[PDB]
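Per chain, numbering begins at 1; letters A, B, ... match sequence-line order.
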Amino acid sequence: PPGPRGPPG
Amino acid sequence: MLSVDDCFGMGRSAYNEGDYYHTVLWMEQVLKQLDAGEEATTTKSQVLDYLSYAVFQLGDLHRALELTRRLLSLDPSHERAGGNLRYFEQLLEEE
């Protein structure tokens, strides 16, 4: 969906 | 106390559990100790990456935007941070 993405881990 | 890098590891542990509130507590403490001049391998930009996302998950919208702007200021080629900034600026009509 439309949104931010944080660190993968 | 714990070292800067220990606190960072605590915050990453909380984040990987989906525990965004405890991510905030630990990363805020990292920022405090970094600003106190404590030695550390962790950089501010890395802390802001976790903290900006965690405070967004907790519903703190303009702080998430502020922290994302600060992250990009310190790491301008961070493509994911740039995408986050575009999202938050469109969401909050701060373009």
Side-chain angles (χ1 to χ4, degrees), chain A, chain B residues 8-24 26-27 30 42-72 75 78-95:
Chain A
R5 296 182 299 121
Chain B
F8 184 69
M10 295 288 181
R12 287 185 58 238
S13 171
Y15 177 86
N16 286 326
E17 300 291 347
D19 184 346
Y20 297 117
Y21 182 66
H22 288 118
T23 301
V24 174
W26 289 111
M27 299 307 186
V30 174
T42 306
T43 72
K44 180 99 73 195
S45 66
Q46 297 179 287
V47 182
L48 292 170
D49 201 346
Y50 290 93
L51 181 62
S52 61
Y53 186 82
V55 301
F56 177 68
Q57 290 300 313
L58 293 161
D60 202 19
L61 296 183
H62 279 77
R63 190 162 188 238
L65 170 57
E66 180 197 334
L67 294 174
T68 298
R69 285 175 172 156
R70 192 175 305 159
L71 169 57
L72 193 71
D75 199 0
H78 190 329
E79 273 197 346
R80 184 166 49 70
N84 293 355
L85 180 60
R86 289 192 290 282
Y87 172 83
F88 293 135
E89 285 190 337
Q90 173 162 209
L91 176 72
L92 304 175
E93 290 289 329
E94 301 247 328
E95 294 171 357

Could you show, one pair per line, the donor-acceptor contacts under 3.5 Å between chain A and chain B?
unit_1	atom_1	unit_2	atom_2	d
A/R5	N	B/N84	OD1	2.8
A/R5	O	B/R80	NH1	3.1
A/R5	O	B/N84	ND2	2.9
A/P7	O	B/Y15	OH	2.7
A/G9	O	B/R12	NH2	2.9
A/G9	O	B/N16	ND2	3.1
A/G9	O	B/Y50	OH	3.3

Contact between B/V55 and B/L61 at the side-chain level, heavy atoms closer than 4.5 Å - yes or no?
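They are not in contact (no side-chain heavy atoms under 4.5 Å apart), so the answer is no.
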Quick check for you: to the nearest 0.5 Å, what is the distance between B/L85 atom CG and B/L72 atom CG?
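Answer rounded to 0.5 Å: 6.0 Å.
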